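Here the structure is laid out as structure tokens; the discussion comes afterwards.
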Amino acid sequence: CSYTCXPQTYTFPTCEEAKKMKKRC
């Protein structure tokens with residue numbers, strides 16, 4: 001459960017919720 005926002009690696013505390021908490025970059 002990681003995401004990449006440009007050069008920023010984005011991590012979310014709860015991998016479970018990281019699917020519901022989508023990122024918008």
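By order of appearance in the structure tokens: chains A, B, ..., then residues from 1 within every chain, and ligands from 1 in the order shown.
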
### Query
DSSP on the backbone: what in chain A comes out strand (DSSP E or B), as a PyMOL selection string?
chain A and resi 2-5+8-11

Please write the residues from the selection above to a file, keeping N, CA and C atoms, as a PDB file, in the first residue's frame.
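Result file is selection-v3.pdb:
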ATOM      1  N   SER A   2       1.321   1.590  -1.165  1.00  0.00           N
ATOM      2  CA  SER A   2       2.120   2.744  -1.381  1.00  0.00           C
ATOM      3  C   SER A   2       1.556   3.467  -2.587  1.00  0.00           C
ATOM      4  N   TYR A   3       1.902   4.694  -2.737  1.00  0.00           N
ATOM      5  CA  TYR A   3       1.459   5.489  -3.840  1.00  0.00           C
ATOM      6  C   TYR A   3       2.593   6.414  -4.224  1.00  0.00           C
ATOM      7  N   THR A   4       2.633   6.849  -5.441  1.00  0.00           N
ATOM      8  CA  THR A   4       3.645   7.773  -5.843  1.00  0.00           C
ATOM      9  C   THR A   4       2.998   9.053  -6.369  1.00  0.00           C
ATOM     10  N   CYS A   5       3.305  10.145  -5.752  1.00  0.00           N
ATOM     11  CA  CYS A   5       2.789  11.423  -6.147  1.00  0.00           C
ATOM     12  C   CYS A   5       3.967  12.226  -6.669  1.00  0.00           C
ATOM     13  N   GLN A   8       7.307  12.002  -4.906  1.00  0.00           N
ATOM     14  CA  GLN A   8       6.986  11.730  -3.520  1.00  0.00           C
ATOM     15  C   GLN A   8       6.352  10.367  -3.367  1.00  0.00           C
ATOM     16  N   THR A   9       6.981   9.516  -2.626  1.00  0.00           N
ATOM     17  CA  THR A   9       6.393   8.263  -2.289  1.00  0.00           C
ATOM     18  C   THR A   9       5.477   8.479  -1.109  1.00  0.00           C
ATOM     19  N   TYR A  10       4.264   8.133  -1.308  1.00  0.00           N
ATOM     20  CA  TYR A  10       3.229   8.330  -0.375  1.00  0.00           C
ATOM     21  C   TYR A  10       2.886   6.998   0.276  1.00  0.00           C
ATOM     22  N   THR A  11       2.776   7.006   1.566  1.00  0.00           N
ATOM     23  CA  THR A  11       2.470   5.829   2.322  1.00  0.00           C
ATOM     24  C   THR A  11       1.220   6.103   3.150  1.00  0.00           C
TER      25      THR A  11
END

### Task
Quick one: everything within 12 Å of residue 16 (chain A), counting only C-alpha atoms, minus sequence neighbours fewer than 4 positions away in the same chain. Send it as a list in words.
residues 1, 2, 12, 20, 21 and 22 of chain A

Would you output that residue set with N, CA and C atoms, as a JSON list (two decimals), in the first residue's frame?
[["chain", "number", "residue", "atom", "x", "y", "z"],
["A", 1, "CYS", "N", 0.81, -1.20, 0.00],
["A", 1, "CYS", "CA", 0.00, 0.00, 0.00],
["A", 1, "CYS", "C", 0.85, 1.25, 0.00],
["A", 2, "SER", "N", 1.32, 1.59, -1.17],
["A", 2, "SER", "CA", 2.12, 2.74, -1.38],
["A", 2, "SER", "C", 1.56, 3.47, -2.59],
["A", 12, "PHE", "N", 0.44, 5.08, 3.38],
["A", 12, "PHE", "CA", -0.73, 5.23, 4.17],
["A", 12, "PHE", "C", -0.64, 4.28, 5.35],
["A", 20, "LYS", "N", -9.50, 2.48, 0.08],
["A", 20, "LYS", "CA", -10.66, 3.35, 0.12],
["A", 20, "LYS", "C", -10.19, 4.79, 0.06],
["A", 21, "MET", "N", -9.08, 5.04, 0.72],
["A", 21, "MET", "CA", -8.44, 6.32, 0.67],
["A", 21, "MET", "C", -7.55, 6.37, -0.54],
["A", 22, "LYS", "N", -8.10, 6.87, -1.59],
["A", 22, "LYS", "CA", -7.40, 7.01, -2.81],
["A", 22, "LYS", "C", -6.73, 8.35, -2.83]]
